[PDB]
């Protein structure tokens, strides 16, 4: 009972209907500035507002090119390209590309998933257009920013039991790539998520150019001049959950934290973090993932990370977020480097909180001398120097199992206690903590 349409104009009325089975015919469809206006294709934002329920939309072999100037055609208002408000919808196989790099007038998201039991599968999304682009979050990601931002993020998962499956999300925009706000039981599965990087040294080389960073003398939002020797993503989170947000289900506005997120078989490359779910409540579960060249690998706060890998070229593979982290169980492989090392954090892992069970595995034999597993201590992390983000650094670790099946050294700080360490080698383990146990393992 599939209805096939051959233009965006004939597609739009179906987005208001329940129980439809619609296919946009293979082809290339362009959305330009002249398509936005009262008498034009798109009079309102979101451009594609899926209000119906129990519908299926087939975008196989559809290329949708959206000119980034459309992000400025709705005044000082947020522009979403796609938003799902209905329930039990399936959208599949769309290839969506932002054309050009024009920044939104306010902010933008490519896709916002509200409602319940929706699935977006097989999408290929290229995100462009944001301001400032080139600094990551160094000069602001919220209010009071050093440089005023106009962010543009990829997929915002909200609602209930919403599902992003087998998608490719490429971001060249300052914003999250995939993030969750007020989402209950979201699932991200089989996705490839990719940003790009820039060194802080390259940013500092803007001295004397009159760039926005040069005009503030490179003073970051963290309270200090941008330090040399770090590799930053130009994006925010690869997959990042919020402890806040607004969603809509069945007409009901809901403000709540993300809860019960699941991330399965995802690859995240060159983002600010691979998988960060520490701010979500409920059960956090991450399995089968690969994090490459991110500033941080896995930070879920509490729950399970199993059969996951990350390299350590730009940041630690593992970070406890706060000293209140409790019950973080993790089995992480430190992968061979995906590119040259540029890790100014001087750690492959930062461990704290209590009652964790942590296994690290690696076949790396060539260990850079600045890389160690830290239990407590003063992490030289880009965003936590000099008292910045104080709850995220310099906290105690107690009652933690640490199985170090790697050649990386371990430093147990004086704030660590009751750490049960097993390790391939114990000669490179420094123990300044209280009542820690260190035992050797064979190979």
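Numbering follows the first chain given and starts at 1.
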Mean C-alpha B factor from the entry: is it higher for 338 to 346 or for 75 to 83?
75 to 83
Do the C-alpha atoms of 141 to 149 or of 233 to 241 have the higher average B factor in the entry?
141 to 149
In this crystal structure's PDB entry, the residue among 307, 260, 296, 370 with the greatest CA B factor is 370
Name the one of 330, 219, 351, 197 with the greatest CA B-factor according to the PDB entry.
219
Residue 56: CA B-factor among chain residues, third -> middle
Sorting the chain's modelled residues by C-alpha B-factor, tell me whether residue 290 ends up in the lowest, middle or highest third.
lowest
Using the B-factors in the PDB entry, rank residue 375's C-alpha atom against the chain and give the third, lowest, middle or highest.
middle
Quick tally, chain-level thirds of C-alpha B-factors: residue 254 sits in the highest
Residue 20's Cα B-factor: lowest, middle or highest third of the chain?
highest
